[PDB]
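Here the chain labels run A, B, C and D in written order, and each chain numbers its own residues starting at 1.
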């Protein structure tokens, strides 16, 4: 029912209509997690090369 | 994203040669390497399998390996023989005697480093090598023993690249020697560890397709390799032609292989054709879909109703209704839902390519990861054990330095593979 | 005037960026060489469209955009296509090999190799900004780059641009057009890692767009081109307030204030009408009432769900075309007496309405017909949580057998991040349930 | 072959429906959690409606209406009747009811004008004339339960001076057609009605299990319509259709037209039907009152066959066709 904050301009209008009232990680932490993943990839690869050397 | 192709041994090189013949025709490359096709789609991703040279010549990125020169002289004499890079022919003289051990430990060891030199020369040229495909049999000596030795060494030098094989499985119905179950069992153990993707091409299945379906009373290796080349063309379609998908070997592995060791695919093809026989009637999309899922169109002699599909890839080739392909593909899943594991949602994916293969207006190629593939490994396991319990024919192997333990281990690893497939069939 | 930088990540984001920027150009009268005759302030300006376009002394209007993909094929088509002259080469960033549909390959192994290059190219656009508002980030949930690289990009933007808003446009995975079996994994992983870093996210379920194309455009088998041109229209509706004179949603901060009263529940549902085929030779033009009513039919939503069985926390109507407040209020009063629209008790029951008089623009020889009036409704309803339920179920089915997990552990990810991401989704679903009943 | 899944192993009604489906030769039953189904006969508690209608190439149907629990819980049905202008509040076929919480003053207001008027002032959860024991009861229980004006002058069948309720079975299909099964059942007391002792349990509560005289006057304390209509003719010079069934049809049509906008699946990506049990009370002036609406009703053993076959005909085969109508369509 109540229209409010009606704003008009050349290219449009806006307004609000109410029907009833109511009733992060740091850079070092990221570069730490990215480097923990790389170590893990490196380890996994060393195991593969050790296995193929056997 | 370049692929380096290796073909090893008699079988490896015969199907390998037929592969380059078939795709060279699809891409419009003559036997001299000059392109005389008609559509830019044939060149858009020719980089995947061909190097360019002076005069804009296309040279297969292909390495030809054998421990005896016989079959490689035959390739050089063949129709497309003049297309391959001469330096990429790497052969010894002594042969391998259908002996895995000669391929892997003795004769093949003399020759392996020269093969790796050529592989390295081809890899070093690649803008961005995606990986390797190997063609070989598992029942002989060179492709089986030396092929898997190559795979081991390639992985050492290129550990972060994809290894893909087309591996022909021995069958008493198409048999050179009684030791094929030994050679296949020792190779399957290698394949389980050191490839991401192997197409299980089963000479039992190919023999049966030629006899029962194709009406070929006495099939030849030529009739079997016609089925193989049609399958190898189909399963590489998405690698060679531009599509919505723009597929590579690694995304294929990521989506087809839910568990590292279970990477043995069952390929299928429709419509099935014998050589020289031309089919004049088109298959409707419903017939392509029914036939391509038919047990009788499978290249691994396994009954898929005896297992369950982990993942499925289906590639359709030709001018056809994409809507009809979707409905028919969906229709297969809904009507047979029990045969697709419920714990991988939407595990059947579809690709379409406008270019049909030679001589067909429509075709379908099927790549299934079914737990029914265990049937193949159990069949080889039984044949292996029948000999091994009496230690029969083993001297051919202990005379090249192998020990019985290595056989015991190989058997055990393959039985483990079988029960692992069994584990997901009851899940 | 405050600038906004658009970042398009992976195939889905890049291709949708193409669609939107083509449309922005037609809407603002910018030619493909980047010239804009109607703009008389040569070399610069602080007009509303300069929110999305910088200016060169030679009159070129350059999108404040960066495209980033881990593989060159898709951005290579921007580099050669109709709008090639629009973008500076430094704005188009490609690697050599993609994430292979694998969140962990996009986030960790490959993402770590290219994050610094992307941030410096972004830094080069931010430096041209007198008052940067924040970022609009376009990507798929399911792609490995889309999911894995975006989440890393989002973590860093929070670090480098701490006080700037970040909006997402996120393509939710549908099996009819996806070809990756692992998209539930990627979706959960990226949603978990990004949630704290995103202020407001518009999810677009490809399943919803696909059926709208089938049903309303009579397209037997929609392509990415069909889907993206329709998506770009919705995106245009949402961003129009940043690019045009107006009083409603004028800065990114305003999207969060108007649509998101609780930080984690920041996925507004979008509904768009009318979608009419260009092939339709006879078409009766739909009224304000008809198209506002269409906003509460689930068949017009960007995600299929039933808002009748949730609760609203906020609701905006964005009209384009011949629309005046009288007709909107008349239409709203009728709808209220005929539909199930319950708000949470701690929010007023109401609509924030914006009207731009220029009717929607359509790509010549595209699929959408030109209409006399259109509307995009942005409502924050708990009903959208059905999409989390669907996704989480598919995730649980696969993870219970650890299917495909080895592909992620092999890029250096830990199995624990799967259950960490899934626990967060579980908490998300429970937040929506509390608010919703 | 169409496909269906079964997620309510206790449903007497759909146990039969799935046997009928299977014995058609054109329906295959799937494992519970297989998502590639045509028909879901679902769980009663937390049926995942949000997962329905997202399988391409499958029209999906479910035997429950999301939101219909507003009509099928006693607390919700009261709120729905007082707030919806389509019914409220001088809705004249529902007993004056009030919701009450344990951790009410409106209810005391009518109870006190009841006492000041010295009228019949007995209510029900469980029955009493003093609100204090109705409330001293409510809190030593631990749950929400409405209390309701107890009908002190109920129609009583003879011989027996006995009370009863009428259960009607109503099927609502995916088109929101409202189908009333032509067979109803009367669930009788076999104990004579006793105005002077409400603690005395059996003669007031007409529940088929809560009769444990059971069977004296007719098999299973169930009188079907042929006999009840005959009785109303010989006893009262009227028919069942005229004196009772018009009001039952009005109440059913009214209740279901009310929630139509909130539960209809007309434009939805998945479709619903649902079977309901309406429970009625008839007073000595032959006025029908709604007692209660039951969302997962059982049937009566005589009628299981006919009704379930009709659930297939109108609700399932209308959506998935195969390769003398037991319902009355209530028009709207």
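Here, contacts are C-beta pairs under 8 Å (C-beta built on N, C-alpha and C of every residue); 3 or more make two chains touch, one makes a residue touch a chain.
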item	value
Dominant interface by contact count, named by its two chains	A-C
Farthest-lying chain, centroid of Cα atoms versus that of subunit B	D
Distance from subunit D to subunit C - Cα centre to Cα centre, in angstrom	46
Rounded Å distance between subunit A and subunit B, as computed from the means of their C-alpha atoms	43
Separation of subunit B from subunit D, taking each centre as the mean of its C-alpha atoms, in whole Å	64
Interface hub residues of subunit C, defined as touching at least two other chains	175-176
Overlap residues in subunit A, where contacts from two or more other chains coincide	none
Multi-partner residues of subunit D (each touching 2 or more other chains)	56
Touching pairs - complete list by chain label	A-B, A-C, B-C, B-D, C-D
Contact footprint of subunit C on subunit B as seen in their complex	1, 127-128, 130, 244-246, 248, 250-251, 254-255, 257-260, 311, 321-323, 326, 342-347, 349-351, 424, 427
Of all residues in subunit D, those that touch subunit B in their complex	1, 3, 30-31, 33-36, 56-58
Complex contact set, residues of subunit B against subunit D	326-327, 330-331, 333-335, 337-338, 342, 345
Residue numbers on subunit A that touch subunit B, as the complex places them	45, 48-49, 52
Subunit A partner contacts - residues on subunit B that touch it in the complex	152, 155-156, 159
